[PDB]
Amino acid sequence: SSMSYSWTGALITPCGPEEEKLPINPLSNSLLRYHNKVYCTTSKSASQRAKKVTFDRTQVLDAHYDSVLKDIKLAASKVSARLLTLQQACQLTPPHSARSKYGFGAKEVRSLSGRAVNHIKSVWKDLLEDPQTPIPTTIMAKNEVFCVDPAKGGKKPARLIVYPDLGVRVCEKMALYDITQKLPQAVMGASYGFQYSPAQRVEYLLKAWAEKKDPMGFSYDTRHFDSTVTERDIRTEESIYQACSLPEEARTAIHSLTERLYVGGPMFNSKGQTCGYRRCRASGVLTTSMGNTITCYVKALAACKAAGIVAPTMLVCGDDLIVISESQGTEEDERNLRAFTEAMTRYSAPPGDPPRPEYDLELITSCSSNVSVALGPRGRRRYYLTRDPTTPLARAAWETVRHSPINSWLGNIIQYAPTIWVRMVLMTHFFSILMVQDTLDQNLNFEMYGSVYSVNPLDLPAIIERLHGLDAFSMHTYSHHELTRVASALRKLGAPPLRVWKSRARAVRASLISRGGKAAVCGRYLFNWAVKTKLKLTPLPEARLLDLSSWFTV
Ligand SMILES: Cc1cc2nc3c(=O)[nH]c(=O)nc-3n(C[C@H](O)[C@H](O)[C@H](O)COP(=O)(O)OP(=O)(O)OC[C@H]3O[C@@H](n4cnc5c(N)ncnc54)[C@H](O)[C@@H]3O)c2cc1C
Ligand SMILES: Nc1nc2c(ncn2[C@@H]2O[C@H](COP(=O)(O)OP(=O)(O)O)[C@@H](O)[C@H]2O)c(=O)[nH]1
Ligand SMILES: [Mn+2]
Ligand SMILES: [Mn+2]
């Protein structure tokens with residue numbers, strides 16, 4: 001029936017400057033050598049992405065979908081949600097959010113400047129008086145760094161980003177922020193990923209696996225998910241939102257945003273010319289993550305009933321999906337997954353990589369990560385979350401006039417502290433760089449899920465123990481898969497082999513311990529793996545004083 005996009009012909013032009021790589025990368029040219037392999041998606045490739053996301057969606061639902069949606073609206077009805085004040089919505093604006101056509105930006109929005117507070121006030125009234133006129137949006141290509149894969153066709157084109165004016169974005173937080181904070185948790189319960197730290201995510205999947213008698217898992221991911229979201233999906237989202245207990249003023253504005261913004265509208269490039277019309281999810285609205293995850297949950301759960309998946313346990317993060325279920329035999333499990341996919345395709349959530357039943361937890365990869373197992377020094381299995389380090393290493397090398405890789409490094413040391421590649425590569429290079437700059441004690445910003453938390457490099461032992469436990473400093477033996485991948489990835493980027501990093505780390509640790517104090521605590525805990533005769537590590541008192549609750553949530 002409906003096309004996800006249609007285009008006028010105007011190019012998807014850049015939002016200001018697109019950085020040039022430099023001839024010397026002085027913070028990462030001692031980390032790896034093949035900098036030619038590290039690129040950034042640019043607005044030029046946006047045309048290629050546009051072709052790949054423009055297609056006719058033909059959705060066909062059934063009594064399983066219908067049934068699931070009923071159950072989810074009923075779960076939704078248990079939620080009560082408030083309007084946010086204009087002032088509170090204003091103050092959730094990030095400090096550098098794209099400015100407004102109306103002569104103000106994030107600085108004035110966050111500071112409750114009168115010109116801004118006024119304009120937003122009238123933007124809001126228009127939402128309650130006008131339930132129909134489309135709201136214009138800007139389309140820009142996303143700038144993200146990857147490592148070239150010639151197997152996957154050179155460089156990836158840039159994802160398409162579609163957002164309204166800053167004034168509108170404040171208004172959606174007034175109407176919908178409180179619901180984003182409560183609805184996903186409410187209708188999915190423990191199935192909602194985006195509430196788990198890496199260690200917690202591992203507990204959940206481990207616990208799921210073990211309570212199955214003959215467990216079987218698979219992961220699923222949708223192909224160009226935003227462009228698969230039908231107009232009917234987005235209104236079905238509105239009805240899910242309206243299931244909750246809401247002030248009538250919210251309901252009006254929620255419906256108005258849905259009809260004028262979420263179900264679609266015209267897009268303008270950064271030069272200002274009409275670019276195309278959109279009839280799918282705009283990745284850029286406040287409801288992007290919540291919409292994605294709830295709509296993915298409905299279809300995925302409907303398809304589970306369609307394919308006869310027995311005793312499913314799900315984990316949903318956007319459009320990434322893990323299902324641990326009871327295995328009906330290898331023969332039936334393959335047939336069931338084909339049914340799941342045939343159903344998901346009928347619902348307009350077609351797959352990228354076709355899913356496949358697996359019976360070993362390490363073999364299931366979703367959210368760009370997988371559980372893996374390492375032994376302690378005595379033989380105790382410890383489980384943990386890891387990933388292919390290729391993209392983290394590539395972003396470790398993105399280094400230009402306007403961007404520093406050092407935050408990237410921190411975020412991986414925090415998020416993947418138990419991994420062999422963080423412990424031996426990133427941690428070593430991180431602490432070597434900061435010592436030489438004599439910036440060990442200078443705060444860095446850790447970035448996760450839009451928020452931004454200040455951390456002091458010398459607090460990493462306490463932070464890591466609070467997040468992953470003391471097992472993060474004592475993984476002795478890693479798995480055949482993990483060793484194979486990390487070795488491969490380091491070769492692929494011209495980084496030294498792990499053998500060399502062990503040498504480098506002994507030096508770093510020496511220097512850390514030498515300067516005593518909190519630096520020496522980092523040397524002893526974070527680098528205990530590097531020395532022949534390991535020190536007995538004890539719990540850190542400061543770790544018990546640490547509230548990281550908000551770090552890995554939304
Ligand atoms: C609501 C939300 C807001 C985010 N805002 C920012 C930001 O402002 N600046 C920044 O640099 N990073 C942002 N991110 C990315 C995030 O901080 C991490 O880099 C990464 O998503 C967390 O690790 P992952 O294992 O989920 O990686 P992934 O495998 O890439 O994530 C898995 C799933 O999470 C969803 N997802 C991934 N990236 C985004 C994204 N940008 N926005 C919405 N959903 C996404 C997708 O549905 C994906 O299927 C955001 C992520 C979410 C979920
Ligand atoms: N607002 C916003 N949403 C994103 C971003 N990246 C991914 N998403 C959302 O998550 C969806 C699926 O995630 P992804 O792995 O990238 O799948 P893809 O769109 O099918 O290539 C995307 O279509 C987006 O709606 C981003 O950078 N910003
Ligand atoms: Mn995905
Ligand atoms: Mn996808």
# chains A, B, ... in the order shown; residues from 1 in each chain; ligands from 1
>>> residues_around(residues="residue A:132", least_positions_apart="3", cutoff="12 Å", atoms="only C-alpha atoms", output="CSV table (one decimal) with C-alpha atoms, in the first residue's frame")
chain,number,residue,atom,x,y,z
A,126,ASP,CA,-0.7,25.3,18.2
A,127,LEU,CA,-0.5,21.6,19.0
A,128,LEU,CA,-3.7,21.8,21.0
A,129,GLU,CA,-5.6,24.0,18.5
A,135,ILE,CA,5.1,19.7,11.1
A,252,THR,CA,-4.8,16.3,22.8
A,253,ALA,CA,-1.2,17.1,22.2
A,255,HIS,CA,-2.8,12.9,19.3
A,256,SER,CA,-1.7,16.1,17.6
A,257,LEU,CA,2.0,15.2,17.5
A,258,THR,CA,1.1,11.7,16.3
A,259,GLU,CA,-1.0,13.0,13.3
A,260,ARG,CA,1.3,15.9,12.4
A,261,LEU,CA,4.7,14.5,13.2
A,262,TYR,CA,5.0,10.8,14.0
A,263,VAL,CA,2.9,9.3,11.1
A,264,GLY,CA,5.0,11.4,8.7
A,265,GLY,CA,5.5,14.7,7.0
>>> residues_near_ligand(ligand="ligand 4", cutoff="7 Å", atoms="only C-alpha atoms and all ligand atoms", output="PDB file with N, CA and C atoms, in the first residue's frame")
ATOM      1  N   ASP A 221      16.950  -9.140  14.291  1.00  0.00           N
ATOM      2  CA  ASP A 221      17.149  -7.727  14.045  1.00  0.00           C
ATOM      3  C   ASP A 221      16.434  -7.382  12.751  1.00  0.00           C
ATOM      4  N   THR A 222      15.738  -6.254  12.738  1.00  0.00           N
ATOM      5  CA  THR A 222      14.974  -5.863  11.565  1.00  0.00           C
ATOM      6  C   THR A 222      15.828  -5.026  10.614  1.00  0.00           C
ATOM      7  N   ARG A 223      15.548  -5.159   9.314  1.00  0.00           N
ATOM      8  CA  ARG A 223      16.310  -4.499   8.252  1.00  0.00           C
ATOM      9  C   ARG A 223      15.712  -3.123   7.959  1.00  0.00           C
ATOM     10  N   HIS A 224      16.481  -2.073   8.251  1.00  0.00           N
ATOM     11  CA  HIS A 224      16.048  -0.686   8.112  1.00  0.00           C
ATOM     12  C   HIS A 224      14.785  -0.436   8.938  1.00  0.00           C
ATOM     13  N   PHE A 225      14.898  -0.638  10.257  1.00  0.00           N
ATOM     14  CA  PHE A 225      13.690  -0.717  11.076  1.00  0.00           C
ATOM     15  C   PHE A 225      12.821   0.524  10.952  1.00  0.00           C
ATOM     16  N   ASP A 319      15.146  -2.486  18.168  1.00  0.00           N
ATOM     17  CA  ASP A 319      14.726  -3.572  17.293  1.00  0.00           C
ATOM     18  C   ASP A 319      15.607  -4.812  17.416  1.00  0.00           C
ATOM     19  N   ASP A 320      16.544  -4.830  18.365  1.00  0.00           N
ATOM     20  CA  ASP A 320      17.338  -6.019  18.647  1.00  0.00           C
ATOM     21  C   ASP A 320      16.611  -6.891  19.662  1.00  0.00           C
ATOM     22  N   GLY A 352      17.251  -8.667   8.777  1.00  0.00           N
ATOM     23  CA  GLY A 352      18.530  -8.484   8.118  1.00  0.00           C
ATOM     24  C   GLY A 352      19.177  -9.839   7.922  1.00  0.00           C
TER      25      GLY A 352
END
>>> closest_residue(among="A:366, A:433, A:410, A:51", to="ligand 3", atoms="only C-alpha atoms and all ligand atoms")
A:366
>>> residues_around(residues="residue A:501", least_positions_apart="3", cutoff="12 Å", atoms="only C-alpha atoms", output="PDB file with N, CA, C and O atoms, in the first residue's frame")
ATOM      1  N   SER A  30      49.905   5.284  18.129  1.00  0.00           N
ATOM      2  CA  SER A  30      50.551   4.225  18.879  1.00  0.00           C
ATOM      3  C   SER A  30      49.581   3.115  19.293  1.00  0.00           C
ATOM      4  O   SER A  30      50.027   2.099  19.832  1.00  0.00           O
ATOM      5  N   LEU A  31      48.273   3.279  19.062  1.00  0.00           N
ATOM      6  CA  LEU A  31      47.293   2.220  19.310  1.00  0.00           C
ATOM      7  C   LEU A  31      47.174   1.276  18.116  1.00  0.00           C
ATOM      8  O   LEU A  31      47.161   0.050  18.284  1.00  0.00           O
ATOM      9  N   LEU A  32      47.081   1.823  16.904  1.00  0.00           N
ATOM     10  CA  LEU A  32      46.998   0.990  15.711  1.00  0.00           C
ATOM     11  C   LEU A  32      47.582   1.762  14.533  1.00  0.00           C
ATOM     12  O   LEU A  32      47.781   2.977  14.601  1.00  0.00           O
ATOM     13  N   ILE A 420      38.935  -9.242  27.393  1.00  0.00           N
ATOM     14  CA  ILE A 420      40.380  -9.297  27.212  1.00  0.00           C
ATOM     15  C   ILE A 420      40.879  -8.075  26.448  1.00  0.00           C
ATOM     16  O   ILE A 420      41.949  -7.536  26.759  1.00  0.00           O
ATOM     17  N   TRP A 421      40.110  -7.602  25.455  1.00  0.00           N
ATOM     18  CA  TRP A 421      40.596  -6.500  24.629  1.00  0.00           C
ATOM     19  C   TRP A 421      40.567  -5.163  25.376  1.00  0.00           C
ATOM     20  O   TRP A 421      41.452  -4.321  25.163  1.00  0.00           O
ATOM     21  N   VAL A 422      39.591  -4.944  26.269  1.00  0.00           N
ATOM     22  CA  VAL A 422      39.637  -3.733  27.091  1.00  0.00           C
ATOM     23  C   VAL A 422      40.771  -3.832  28.102  1.00  0.00           C
ATOM     24  O   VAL A 422      41.561  -2.894  28.259  1.00  0.00           O
ATOM     25  N   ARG A 423      40.879  -4.970  28.795  1.00  0.00           N
ATOM     26  CA  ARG A 423      41.907  -5.093  29.823  1.00  0.00           C
ATOM     27  C   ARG A 423      43.313  -4.965  29.232  1.00  0.00           C
ATOM     28  O   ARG A 423      44.155  -4.240  29.772  1.00  0.00           O
ATOM     29  N   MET A 424      43.580  -5.624  28.104  1.00  0.00           N
ATOM     30  CA  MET A 424      44.944  -5.616  27.581  1.00  0.00           C
ATOM     31  C   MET A 424      45.246  -4.485  26.602  1.00  0.00           C
ATOM     32  O   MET A 424      46.403  -4.058  26.515  1.00  0.00           O
ATOM     33  N   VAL A 425      44.263  -4.003  25.840  1.00  0.00           N
ATOM     34  CA  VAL A 425      44.547  -2.983  24.833  1.00  0.00           C
ATOM     35  C   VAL A 425      44.103  -1.605  25.315  1.00  0.00           C
ATOM     36  O   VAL A 425      44.937  -0.730  25.572  1.00  0.00           O
ATOM     37  N   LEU A 426      42.792  -1.396  25.441  1.00  0.00           N
ATOM     38  CA  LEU A 426      42.294  -0.054  25.725  1.00  0.00           C
ATOM     39  C   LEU A 426      42.817   0.476  27.062  1.00  0.00           C
ATOM     40  O   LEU A 426      43.344   1.592  27.129  1.00  0.00           O
ATOM     41  N   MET A 427      42.706  -0.314  28.132  1.00  0.00           N
ATOM     42  CA  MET A 427      43.179   0.150  29.437  1.00  0.00           C
ATOM     43  C   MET A 427      44.656   0.523  29.394  1.00  0.00           C
ATOM     44  O   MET A 427      45.063   1.547  29.958  1.00  0.00           O
ATOM     45  N   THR A 428      45.474  -0.294  28.730  1.00  0.00           N
ATOM     46  CA  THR A 428      46.900  -0.003  28.643  1.00  0.00           C
ATOM     47  C   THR A 428      47.149   1.308  27.927  1.00  0.00           C
ATOM     48  O   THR A 428      47.906   2.161  28.407  1.00  0.00           O
ATOM     49  N   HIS A 429      46.523   1.483  26.762  1.00  0.00           N
ATOM     50  CA  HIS A 429      46.739   2.700  25.984  1.00  0.00           C
ATOM     51  C   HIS A 429      46.135   3.922  26.675  1.00  0.00           C
ATOM     52  O   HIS A 429      46.739   5.005  26.674  1.00  0.00           O
ATOM     53  N   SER A 432      48.445   4.865  29.541  1.00  0.00           N
ATOM     54  CA  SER A 432      49.727   5.366  29.053  1.00  0.00           C
ATOM     55  C   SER A 432      49.595   6.797  28.550  1.00  0.00           C
ATOM     56  O   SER A 432      50.474   7.631  28.802  1.00  0.00           O
ATOM     57  N   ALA A 487      42.303 -11.359  18.471  1.00  0.00           N
ATOM     58  CA  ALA A 487      43.505 -11.480  17.656  1.00  0.00           C
ATOM     59  C   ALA A 487      43.235 -10.983  16.244  1.00  0.00           C
ATOM     60  O   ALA A 487      43.942 -10.105  15.729  1.00  0.00           O
ATOM     61  N   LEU A 490      42.705  -7.128  15.977  1.00  0.00           N
ATOM     62  CA  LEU A 490      43.928  -6.338  16.116  1.00  0.00           C
ATOM     63  C   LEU A 490      44.774  -6.386  14.844  1.00  0.00           C
ATOM     64  O   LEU A 490      45.277  -5.352  14.387  1.00  0.00           O
ATOM     65  N   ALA A 495      47.127  -2.974  14.786  1.00  0.00           N
ATOM     66  CA  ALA A 495      47.466  -2.815  16.186  1.00  0.00           C
ATOM     67  C   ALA A 495      48.399  -3.938  16.606  1.00  0.00           C
ATOM     68  O   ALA A 495      48.427  -5.002  15.972  1.00  0.00           O
ATOM     69  N   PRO A 496      49.209  -3.713  17.651  1.00  0.00           N
ATOM     70  CA  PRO A 496      50.153  -4.744  18.066  1.00  0.00           C
ATOM     71  C   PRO A 496      49.424  -5.977  18.559  1.00  0.00           C
ATOM     72  O   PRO A 496      48.299  -5.884  19.085  1.00  0.00           O
ATOM     73  N   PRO A 497      50.018  -7.162  18.410  1.00  0.00           N
ATOM     74  CA  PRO A 497      49.412  -8.377  18.976  1.00  0.00           C
ATOM     75  C   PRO A 497      49.367  -8.316  20.498  1.00  0.00           C
ATOM     76  O   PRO A 497      50.151  -7.607  21.137  1.00  0.00           O
ATOM     77  N   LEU A 498      48.444  -9.093  21.080  1.00  0.00           N
ATOM     78  CA  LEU A 498      48.256  -9.074  22.533  1.00  0.00           C
ATOM     79  C   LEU A 498      49.560  -9.292  23.300  1.00  0.00           C
ATOM     80  O   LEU A 498      49.738  -8.737  24.393  1.00  0.00           O
ATOM     81  N   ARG A 504      53.674  -3.790  27.108  1.00  0.00           N
ATOM     82  CA  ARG A 504      53.355  -2.385  27.342  1.00  0.00           C
ATOM     83  C   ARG A 504      52.666  -2.182  28.692  1.00  0.00           C
ATOM     84  O   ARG A 504      52.957  -1.213  29.411  1.00  0.00           O
ATOM     85  N   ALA A 505      51.767  -3.107  29.059  1.00  0.00           N
ATOM     86  CA  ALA A 505      50.995  -2.999  30.294  1.00  0.00           C
ATOM     87  C   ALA A 505      51.873  -3.113  31.535  1.00  0.00           C
ATOM     88  O   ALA A 505      51.609  -2.459  32.553  1.00  0.00           O
ATOM     89  N   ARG A 506      52.883  -3.985  31.494  1.00  0.00           N
ATOM     90  CA  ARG A 506      53.788  -4.102  32.631  1.00  0.00           C
ATOM     91  C   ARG A 506      54.471  -2.773  32.906  1.00  0.00           C
ATOM     92  O   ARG A 506      54.603  -2.361  34.064  1.00  0.00           O
ATOM     93  N   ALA A 507      54.861  -2.066  31.843  1.00  0.00           N
ATOM     94  CA  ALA A 507      55.449  -0.739  31.983  1.00  0.00           C
ATOM     95  C   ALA A 507      54.450   0.254  32.568  1.00  0.00           C
ATOM     96  O   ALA A 507      54.758   0.978  33.525  1.00  0.00           O
ATOM     97  N   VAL A 508      53.255   0.323  31.975  1.00  0.00           N
ATOM     98  CA  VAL A 508      52.214   1.209  32.488  1.00  0.00           C
ATOM     99  C   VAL A 508      51.992   0.947  33.967  1.00  0.00           C
ATOM    100  O   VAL A 508      51.988   1.867  34.791  1.00  0.00           O
ATOM    101  N   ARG A 509      51.805  -0.322  34.325  1.00  0.00           N
ATOM    102  CA  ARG A 509      51.541  -0.668  35.714  1.00  0.00           C
ATOM    103  C   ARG A 509      52.667  -0.206  36.619  1.00  0.00           C
ATOM    104  O   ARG A 509      52.422   0.330  37.709  1.00  0.00           O
ATOM    105  N   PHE A 527      45.788  -3.867  36.374  1.00  0.00           N
ATOM    106  CA  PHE A 527      46.866  -4.523  35.632  1.00  0.00           C
ATOM    107  C   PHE A 527      47.417  -5.770  36.319  1.00  0.00           C
ATOM    108  O   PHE A 527      48.472  -6.277  35.915  1.00  0.00           O
ATOM    109  N   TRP A 529      46.645  -8.663  35.845  1.00  0.00           N
ATOM    110  CA  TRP A 529      46.800  -9.712  34.847  1.00  0.00           C
ATOM    111  C   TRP A 529      48.185  -9.712  34.204  1.00  0.00           C
ATOM    112  O   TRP A 529      48.573 -10.717  33.602  1.00  0.00           O
ATOM    113  N   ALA A 530      48.937  -8.617  34.312  1.00  0.00           N
ATOM    114  CA  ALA A 530      50.186  -8.475  33.576  1.00  0.00           C
ATOM    115  C   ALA A 530      51.398  -9.066  34.295  1.00  0.00           C
ATOM    116  O   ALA A 530      52.417  -9.330  33.641  1.00  0.00           O
TER     117      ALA A 530
END
>>> select_by_dssp(residues="stretch 289-393 of chain A", states="helix (DSSP H, G or I)", output="ChimeraX atom specification")
/A:289-307,330-346,361-363,390-393
>>> residues_around(residues="residue A:14", least_positions_apart="4", cutoff="12 Å", atoms="only C-alpha atoms", output="list in words")
residues 18, 19, 41, 42, 43, 44, 45, 46, 138, 139, 140, 141, 142, 143, 158, 160, 161, 268, 269, 270, 271 and 272 of chain A
>>> write_last_selection(atoms="N, CA, C and O atoms", output="short mmCIF file (atom, residue, chain, number, x, y, z; two decimals), in the first residue's frame")
data_model
loop_
_atom_site.label_atom_id
_atom_site.label_comp_id
_atom_site.auth_asym_id
_atom_site.auth_seq_id
_atom_site.Cartn_x
_atom_site.Cartn_y
_atom_site.Cartn_z
N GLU A 18 31.98 18.77 7.80
CA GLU A 18 32.31 17.35 7.82
C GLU A 18 33.83 17.20 7.86
O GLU A 18 34.52 17.65 6.94
N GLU A 19 34.34 16.59 8.92
CA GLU A 19 35.74 16.75 9.26
C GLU A 19 36.64 16.01 8.28
O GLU A 19 36.28 14.96 7.74
N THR A 41 30.99 8.05 8.19
CA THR A 41 29.90 8.19 7.24
C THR A 41 29.63 9.67 7.02
O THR A 41 29.71 10.48 7.94
N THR A 42 29.36 10.02 5.77
CA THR A 42 29.27 11.40 5.35
C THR A 42 27.96 11.61 4.61
O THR A 42 27.32 10.66 4.17
N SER A 43 27.54 12.88 4.49
CA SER A 43 26.28 13.15 3.82
C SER A 43 26.28 12.74 2.37
O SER A 43 25.21 12.53 1.81
N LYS A 44 27.45 12.60 1.73
CA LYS A 44 27.45 12.16 0.34
C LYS A 44 26.81 10.78 0.21
O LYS A 44 26.01 10.55 -0.70
N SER A 45 27.12 9.87 1.13
CA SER A 45 26.53 8.54 1.03
C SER A 45 25.05 8.50 1.39
O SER A 45 24.48 7.41 1.42
N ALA A 46 24.41 9.64 1.68
CA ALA A 46 23.02 9.59 2.12
C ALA A 46 22.08 9.18 0.99
O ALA A 46 21.03 8.59 1.24
N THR A 138 13.72 18.29 9.43
CA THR A 138 14.99 18.35 8.73
C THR A 138 15.57 16.95 8.60
O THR A 138 15.47 16.13 9.52
N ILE A 139 16.17 16.66 7.45
CA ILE A 139 16.82 15.38 7.22
C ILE A 139 18.31 15.62 7.05
O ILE A 139 18.74 16.49 6.27
N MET A 140 19.10 14.87 7.80
CA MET A 140 20.55 14.96 7.75
C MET A 140 21.12 13.56 7.84
O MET A 140 20.50 12.66 8.42
N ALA A 141 22.31 13.38 7.26
CA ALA A 141 23.02 12.11 7.39
C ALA A 141 23.75 12.06 8.73
O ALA A 141 24.26 13.07 9.21
N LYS A 142 23.78 10.89 9.34
CA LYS A 142 24.48 10.70 10.60
C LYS A 142 25.97 10.52 10.35
O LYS A 142 26.38 9.93 9.36
N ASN A 143 26.79 11.07 11.25
CA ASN A 143 28.25 10.95 11.17
C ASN A 143 28.71 9.96 12.23
O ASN A 143 28.71 10.28 13.43
N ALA A 158 25.52 6.57 5.20
CA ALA A 158 25.11 7.22 6.44
C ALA A 158 23.63 6.99 6.72
O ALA A 158 22.78 7.09 5.84
N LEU A 160 19.94 7.85 7.98
CA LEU A 160 19.14 9.07 7.81
C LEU A 160 18.55 9.48 9.14
O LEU A 160 17.95 8.65 9.84
N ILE A 161 18.73 10.75 9.50
CA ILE A 161 18.20 11.31 10.73
C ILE A 161 17.15 12.35 10.38
O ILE A 161 17.37 13.19 9.49
N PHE A 268 13.00 18.63 4.94
CA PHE A 268 13.80 19.65 4.27
C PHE A 268 15.28 19.42 4.57
O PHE A 268 15.64 19.19 5.73
N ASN A 269 16.12 19.48 3.54
CA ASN A 269 17.55 19.36 3.76
C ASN A 269 18.04 20.58 4.54
O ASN A 269 17.29 21.51 4.82
N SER A 270 19.34 20.58 4.88
CA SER A 270 19.87 21.67 5.68
C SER A 270 19.94 22.98 4.91
O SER A 270 19.93 24.05 5.52
N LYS A 271 20.00 22.92 3.58
CA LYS A 271 19.95 24.15 2.79
C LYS A 271 18.55 24.77 2.79
O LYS A 271 18.42 25.94 2.43
N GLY A 272 17.52 24.03 3.21
CA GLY A 272 16.18 24.56 3.29
C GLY A 272 15.21 24.11 2.22
O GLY A 272 14.02 24.45 2.30
#
>>> residues_near_ligand(ligand="ligand 1", cutoff="6 Å", atoms="only C-alpha atoms and all ligand atoms", output="list in words")
residues 289, 317, 318, 319, 320, 367, 368, 448, 449 and 450 of chain A
>>> residues_around(residues="residue A:302", least_positions_apart="4", cutoff="12 Å", atoms="only C-alpha atoms", output="number ranges by chain")
A: 61-72, 295-298, 306-309, 312, 339-347, 349
>>> write_last_selection(atoms="C-alpha atoms", output="short mmCIF file (atom, residue, chain, number, x, y, z; two decimals), in the first residue's frame")
data_model
loop_
_atom_site.label_atom_id
_atom_site.label_comp_id
_atom_site.auth_asym_id
_atom_site.auth_seq_id
_atom_site.Cartn_x
_atom_site.Cartn_y
_atom_site.Cartn_z
CA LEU A 61 -1.82 -8.64 10.66
CA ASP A 62 -3.53 -11.62 12.31
CA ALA A 63 -5.21 -12.82 15.50
CA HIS A 64 -1.83 -13.22 17.21
CA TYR A 65 -0.88 -9.59 16.70
CA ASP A 66 -4.44 -8.54 17.61
CA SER A 67 -4.24 -10.61 20.79
CA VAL A 68 -0.78 -9.31 21.80
CA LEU A 69 -1.80 -5.69 21.27
CA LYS A 70 -4.83 -6.20 23.50
CA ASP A 71 -2.65 -7.54 26.32
CA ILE A 72 -0.20 -4.66 25.93
CA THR A 295 6.45 -1.94 18.36
CA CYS A 296 9.27 -4.45 18.12
CA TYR A 297 7.94 -6.18 21.24
CA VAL A 298 4.40 -6.48 19.87
CA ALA A 306 2.55 -17.58 15.23
CA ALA A 307 5.65 -19.80 15.11
CA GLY A 308 4.76 -21.79 18.23
CA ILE A 309 7.82 -20.80 20.26
CA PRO A 312 9.67 -17.77 25.35
CA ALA A 339 7.66 -19.23 10.71
CA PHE A 340 8.77 -16.48 13.11
CA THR A 341 10.48 -14.75 10.21
CA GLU A 342 7.62 -15.27 7.76
CA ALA A 343 5.36 -13.70 10.39
CA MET A 344 7.72 -10.84 11.26
CA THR A 345 7.97 -10.16 7.54
CA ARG A 346 4.17 -10.08 7.27
CA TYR A 347 4.06 -7.51 10.08
CA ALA A 349 9.58 -6.14 10.37
#
>>> residues_around(residues="residue A:55", least_positions_apart="2", cutoff="9 Å", atoms="only C-alpha atoms", output="ChimeraX atom specification")
/A:2-5,51-53,57,227-228
>>> decode(residues="stretch 109-122 of chain A", atoms="N, CA and C atoms", output="PDB file, in the first residue's frame")
ATOM      1  N   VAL A 109      17.105  27.789  25.815  1.00  0.00           N
ATOM      2  CA  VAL A 109      16.103  26.836  26.284  1.00  0.00           C
ATOM      3  C   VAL A 109      16.457  26.324  27.674  1.00  0.00           C
ATOM      4  N   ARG A 110      17.727  25.982  27.900  1.00  0.00           N
ATOM      5  CA  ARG A 110      18.112  25.411  29.187  1.00  0.00           C
ATOM      6  C   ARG A 110      18.098  26.458  30.288  1.00  0.00           C
ATOM      7  N   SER A 111      18.360  27.718  29.933  1.00  0.00           N
ATOM      8  CA  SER A 111      18.409  28.826  30.874  1.00  0.00           C
ATOM      9  C   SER A 111      17.062  29.505  31.068  1.00  0.00           C
ATOM     10  N   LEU A 112      15.984  28.931  30.526  1.00  0.00           N
ATOM     11  CA  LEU A 112      14.631  29.488  30.625  1.00  0.00           C
ATOM     12  C   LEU A 112      14.556  30.944  30.147  1.00  0.00           C
ATOM     13  N   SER A 113      15.390  31.299  29.168  1.00  0.00           N
ATOM     14  CA  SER A 113      15.325  32.603  28.517  1.00  0.00           C
ATOM     15  C   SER A 113      13.913  32.896  28.019  1.00  0.00           C
ATOM     16  N   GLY A 114      13.513  34.163  28.127  1.00  0.00           N
ATOM     17  CA  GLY A 114      12.123  34.508  27.872  1.00  0.00           C
ATOM     18  C   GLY A 114      11.725  34.353  26.417  1.00  0.00           C
ATOM     19  N   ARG A 115      12.594  34.783  25.495  1.00  0.00           N
ATOM     20  CA  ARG A 115      12.302  34.625  24.074  1.00  0.00           C
ATOM     21  C   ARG A 115      11.994  33.173  23.761  1.00  0.00           C
ATOM     22  N   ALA A 116      12.804  32.260  24.304  1.00  0.00           N
ATOM     23  CA  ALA A 116      12.584  30.840  24.063  1.00  0.00           C
ATOM     24  C   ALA A 116      11.300  30.365  24.734  1.00  0.00           C
ATOM     25  N   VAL A 117      11.163  30.613  26.041  1.00  0.00           N
ATOM     26  CA  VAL A 117       9.980  30.174  26.785  1.00  0.00           C
ATOM     27  C   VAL A 117       8.706  30.642  26.101  1.00  0.00           C
ATOM     28  N   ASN A 118       8.751  31.837  25.523  1.00  0.00           N
ATOM     29  CA  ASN A 118       7.606  32.349  24.794  1.00  0.00           C
ATOM     30  C   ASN A 118       7.325  31.511  23.563  1.00  0.00           C
ATOM     31  N   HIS A 119       8.312  31.387  22.673  1.00  0.00           N
ATOM     32  CA  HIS A 119       8.077  30.700  21.408  1.00  0.00           C
ATOM     33  C   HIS A 119       7.551  29.297  21.643  1.00  0.00           C
ATOM     34  N   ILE A 120       8.224  28.545  22.515  1.00  0.00           N
ATOM     35  CA  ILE A 120       7.786  27.196  22.852  1.00  0.00           C
ATOM     36  C   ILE A 120       6.357  27.219  23.379  1.00  0.00           C
ATOM     37  N   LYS A 121       6.011  28.249  24.156  1.00  0.00           N
ATOM     38  CA  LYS A 121       4.648  28.353  24.667  1.00  0.00           C
ATOM     39  C   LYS A 121       3.637  28.402  23.525  1.00  0.00           C
ATOM     40  N   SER A 122       3.958  29.117  22.439  1.00  0.00           N
ATOM     41  CA  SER A 122       3.026  29.221  21.318  1.00  0.00           C
ATOM     42  C   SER A 122       3.054  27.981  20.433  1.00  0.00           C
TER      43      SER A 122
END
